[PDB]
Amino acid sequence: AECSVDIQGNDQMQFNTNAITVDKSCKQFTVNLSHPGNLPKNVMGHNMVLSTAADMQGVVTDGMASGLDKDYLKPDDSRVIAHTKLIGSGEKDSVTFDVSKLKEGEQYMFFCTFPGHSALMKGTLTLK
């Protein structure tokens, strides 16, 4: 609870929220991702990727180009603050990261890098 949050990304190409705020008291923060649905990861794969608003675009465009083998994320991309695995239906994955990696007054974005999904599957994250 509190320094964790649960996200689901479904077969309708959406996330159950478009805003997460990290509380300034958290030492670490967890994002638990699940995929309700029936569709396979090769058609409707979802991951949770975090970065700044200004970088999102770069991360999606190089993610795309990497492909399904690299879970559509450029390996060791330094713009990526934290990311889960690309999961399909019935799969579950989570990531914990240092709240120290986030600074106040900066717009972060959570999104999915599977092609075309960030048009809908995106959200703001903010450290309050």
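The numbering used is simple: start at 1 and walk along the sequence shown.
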* Quick one: say whether 73 to 81 or 29 to 37 has the higher mean Cα B-factor in the deposited entry. => 73 to 81
* 20 to 28 versus 107 to 115 - greater average Cα B-factor per the deposited record -> 20 to 28
* Asked: According to the deposited entry, which of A65, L86, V49, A53 has the largest Cα B-factor?
  -> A65
* To do: Relative to the other modelled residues of the same chain, rank the CA B-factor of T61 and answer lowest, middle or highest third.
  => highest
* Third assignment of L127 from its chain's C-alpha B-factors -> highest
